[PDB]
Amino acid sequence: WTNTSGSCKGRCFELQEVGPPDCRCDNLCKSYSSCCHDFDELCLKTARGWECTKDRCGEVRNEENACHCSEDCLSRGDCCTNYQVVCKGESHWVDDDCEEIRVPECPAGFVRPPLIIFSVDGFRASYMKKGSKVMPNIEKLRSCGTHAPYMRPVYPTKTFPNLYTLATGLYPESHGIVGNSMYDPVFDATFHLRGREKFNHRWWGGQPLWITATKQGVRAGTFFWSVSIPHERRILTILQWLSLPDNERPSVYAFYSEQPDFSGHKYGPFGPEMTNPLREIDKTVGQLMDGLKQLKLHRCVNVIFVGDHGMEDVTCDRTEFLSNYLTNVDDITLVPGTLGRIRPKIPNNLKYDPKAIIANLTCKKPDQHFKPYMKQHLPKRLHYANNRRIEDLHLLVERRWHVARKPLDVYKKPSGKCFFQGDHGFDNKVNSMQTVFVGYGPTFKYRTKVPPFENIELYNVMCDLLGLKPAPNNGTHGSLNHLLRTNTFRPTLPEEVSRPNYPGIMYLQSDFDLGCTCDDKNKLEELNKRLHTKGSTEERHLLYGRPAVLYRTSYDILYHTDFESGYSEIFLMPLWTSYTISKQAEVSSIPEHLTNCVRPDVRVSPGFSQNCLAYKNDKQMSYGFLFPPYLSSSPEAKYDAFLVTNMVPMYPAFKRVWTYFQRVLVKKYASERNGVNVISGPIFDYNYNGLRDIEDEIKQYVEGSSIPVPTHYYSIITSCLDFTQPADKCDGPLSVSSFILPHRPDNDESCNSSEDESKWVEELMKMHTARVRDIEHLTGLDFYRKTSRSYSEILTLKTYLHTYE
């Protein structure tokens, strides 16, 4: 219980931690119904508005006013933000020319540049195009400071998961806020935007910036504002805080704006009605900057202007209804809209039949505007599976569409129209969902554009800007060093844990009883005394050094004319297979007599090899090769491609994808990019946590054997950023794209897979694009260790995501 009888006198927006039975006066008390009885009259003053007027200059101080224009206001930090402009002939910050801030210029008493995070809800990246015509203050931050053309949010692209991601550097599956609404089957409770439940700390995991700061003895302003506090008051409060005594003043502040999200929902992202909301946000920014200038802090503070997600054209007319697919939608609960999450309406209902539901939801309309996934089958880049609050059954919705349970849930007006024309929440690589980032201040670079990056990266950077050590998170610390003038983070290469063996030719064909047969032989190669020696293999095919193995295991480096690989004696297959394909490379066939050819590898003991018998006996599982016979450099070299040490288990369904990739796409990449270097390999993620499985976690083997089946196959395709130089002779920055393809028994994901592979395989691969960094997590390997670039540049490269938008 809170004793509301107390008073907020001399306590307004106090940074003091106060709890029951004492009443509060902080910027969140209203949200807790714990404000002292006079909080509003003493703390939310509104008299005379938010701006000084000529007739107010030098006034007698009336403590009833919202903000002051009296002579003493400056030293009290009470002035309306335009005080000096109206009353002292100064210029608005926005009218001042941009000037490089080479070192912080702070009043005495400031030991470090404060950080102010200015978050705008639903600010689509492309809104920035509206330029100084609409947002002159924001355009000055953007053009003069450091900006990205856009920033990638996390899925789902809604506000709660994104704001907490920004605060923690964690994926939603790790921090717990996996949606604006969610049900936790252990709590048996439902979290909603509206309601008290969300205030319960049990929902919020990880360690958000304000906690990290506090634990390390750095003072944080309040990172939450009750909706009833007008933005002008929030700004005045931050400026008031900044004027506090040296020993009370916070180092980090957060402003939040609910716009332009709401206007976007109402009017759509391209409505003429969006201009007004944008003007208002810009005005608020101008208040902050004017205020800062008044305080002599405009060349002292670092400011981050950042959005949580974008906004797409979505209207009532574009709603799919589950009732068109399912017989009883009244027995399920659906988290709806721009994503779908499905569970039984009655928790734990025994009659719930997810296999039958998914079957009815799979490719049943030719223009179907969503796709069902068991969560473990969602593209790995989304990192949306490892949490009990994430339903097993998910619907990825097509941009511009909604999914609903039944037409009852949709409310057309007499106009046949809906009240909303905008929404968001879709796949985070969708263009419309991209949001904004600008950094401005002494620690950021001047007039610099940086490539787009993910919002999970910012937590490390804000820690850097505040001299803090970040809690464990999903950012890659250093990948954003290029945004900063100073306070960069010097990364260190992870230490290799397992050294490879380099087995020579040791066994005889006679030693092998694996059930493998090859109808032909290359007897010439038996005469090559230096067969499979290093030679020039590593320098042609392993361009960026061997991947470091970062866990305890036993593996062999194997050399070949056309490829090199790191063969695991434990998983019975390569951890990685690396090869270079030149722009002019020739594609050839697998000779008919070699169709079913598999050859024992005399470098590796029979006990550490797969056996073809398992494959012959398993009527569902077939096999493929990591280095493709199609790209052999000669008929003689092609024999290497059929070694049992190049073989991996693949469902025929998957082989349709993989063969198209091996035979058609790699060459196409080489042709388009002036040669490519390829590293491919297996991934084991049976418990869908985005991390390499230990042996105990692998749950499927080839029939009758201990050959483990990968849940995915990866490929990393590198070339020279400067496409005029061949991949193998590159002098500068690299260009990379990667994939993590799901290894599945069918192609149900691909509604057109009945057609030729040229009609559907690439579409599938684009959906499963990935960062090299994703693959590192899933494999425990570390790539690009030997290059001519800085470690920081490599880190950036590893976080790159080729989105194909």
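We number the residues from 1 along the sequence you see. Take the two forms, find the largest set of C-alpha atoms that superpose within 1.5 Å, and that set is the rigid core.
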item	value
Which of 345-353 and 628-636 lies farther from this form in 8 other deposited structures of this protein, as RMS of C-alpha positions after a rigid core fit	345-353
Larger mean CA deviation from the shown form in 8 other deposited structures of this protein [core fit; 758-766 vs 31-39]	31-39
Absent coordinates for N596 in a third or more of other compared entries	no
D409 not built in a third or more of the other entries	yes
Stretch with the higher entry mean CA B-factor, where the candidates are 592-600 and 355-363	592-600
Stretch with the higher entry mean CA B-factor, where the candidates are 499-507 and 217-225	499-507
Out of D774, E762, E749, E59, highest CA B-factor residue	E59
Residue, from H298, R196, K380, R673, that the PDB entry assigns the highest Cα B-factor	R196
Among modelled residues of the same chain, the CA temperature factor third for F739	lowest
Where the record places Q16 (Cα B-factor, split into thirds across the chain)	highest
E454 - which third its CA temperature factor falls in, relative to the rest of the chain	lowest
Third of the chain's Cα B-factor distribution that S788 belongs to, per the entry	highest
Where the record places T338 (Cα B-factor, split into thirds across the chain)	lowest
